[PDB]
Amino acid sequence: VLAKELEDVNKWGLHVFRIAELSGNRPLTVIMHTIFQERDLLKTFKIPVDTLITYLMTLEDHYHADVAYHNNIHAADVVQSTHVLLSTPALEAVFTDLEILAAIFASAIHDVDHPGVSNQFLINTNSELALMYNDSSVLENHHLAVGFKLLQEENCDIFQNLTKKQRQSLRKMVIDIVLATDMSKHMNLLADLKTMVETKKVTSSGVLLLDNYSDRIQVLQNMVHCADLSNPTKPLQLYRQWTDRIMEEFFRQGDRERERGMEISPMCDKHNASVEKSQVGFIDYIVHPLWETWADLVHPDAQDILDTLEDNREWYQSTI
């Protein structure tokens, strides 16, 4: 049954919540294991199967089960979504196995040990995290720090058989990718992606042409960023449960902010919320400009995804 559901791993709108239930709250381990097998990454990179499972289970453990959105289910969802975006025809044979590995690894660790509050909340409450990271991409630096540190636990180094050059290069790409998931960088990341689409070059086979590191990492950065912002592009029954979860986490932060005499962050005030209006807002100003730009990059590969996003936007609008 779980094996049956894991057959949809190459499809957008995989039912990740059912996989979480059917796997005993291990969506991240089973989805990553499935993907690594499907891409033959264990053979390519000589990853012992027991090492892979041991690391995935430790990594999954360090997502908070009592955080409603930023948990191991979100992590599995972003992994799988990145996996599908990597298979788009316009990117066929563009990225190396190592780059593919970096973007999937980055997706899996990208929110680990997220405590359920935003960077700004952690800065304004003079948290230990904000003090360690000097108010700059506080959460994103921590996700990386944890995701790499766990590689050193007993039988957890899934990269043990990479060359030195391979390890160095993967590490840098993973850092570059996860630091780009910081929402405060969205505008500059989208602005760069627009520029790339406007000067887009394709090869004789129709595939996207990426000459240099800068272009290659920027596509992988925006790819994982799109995967991170992909809830509104999924089938509505999935999207709605992500909205429920984000609003619970947001409202909880807002209660803490109220208790402390702070101003409540946008969308965190449960006595003054408009869930539907905000999803429409967020899609119109953030999610759709990004996905429309990605759709242009990989035209027409992403047309169904963009269509689903436009329907979901219409549906949320219709309930106001």
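Sequential numbering from 1, following the sequence displayed. So that the term is clear: the rigid core is the largest set of C-alpha atoms that superpose within 1.5 Å between two forms.
Engineer: Compare 202-210 with 215-223 and report which one shows the larger root mean square C-alpha deviation from this form in 8 other deposited structures of this protein once the rigid core is superposed.
Structural biologist: Taking the RMS over all superposed structures in 8 other deposited structures of this protein, 202-210 lies farther out.
Engineer: When the other structures are laid on this one by the rigid core, do the CA atoms of 258-266 or of 63-71 sit farther away in 8 other deposited structures of this protein?
Structural biologist: The stretch that sits farther from the shown form in 8 other deposited structures of this protein is 258-266.
Engineer: On mean Cα temperature factor in this entry, is 86-94 or 101-109 the higher one?
Structural biologist: Looking at the recorded C-alpha B-factors, 86-94 comes out higher on average.
Engineer: Tell me which of 73-81 and 113-121 has the higher mean C-alpha B-factor in the deposited entry.
Structural biologist: According to the entry, 113-121 carries the higher average C-alpha B-factor.
Engineer: Highest recorded C-alpha temperature factor, please, choosing from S169, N188, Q241, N222.
Structural biologist: Of the candidates given, the C-alpha B-factor peaks at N188.
Engineer: From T233, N134, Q237, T203, which pick has the Cα B-factor that tops the rest in the entry?
Structural biologist: Of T233, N134, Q237, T203, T203 has the highest C-alpha B-factor.
Engineer: Please place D176 in the lowest, middle or highest third of its chain according to the CA B-factor in the PDB entry.
Structural biologist: Answer is lowest: the recorded C-alpha B-factor places it there.
Engineer: Is the Cα B-factor recorded for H33 in the lowest, middle or highest third of its chain?
Structural biologist: Lowest third - that is where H33 ends up once the chain's C-alpha B-factors are sorted.
Engineer: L306: which third of its chain by C-alpha temperature factor?
Structural biologist: Middle third of the chain for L306's C-alpha B-factor.
Engineer: Sort the modelled residues of this chain by their C-alpha B factor and say whether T51 lands in the lowest, middle or highest third.
Structural biologist: According to the entry, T51 has a C-alpha B-factor in the chain's middle third.
Engineer: Of the three thirds of its chain by CA temperature factor, lowest, middle or highest, which one includes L59?
Structural biologist: Within its chain, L59 is a lowest-third residue by C-alpha B-factor, going by the deposited values.
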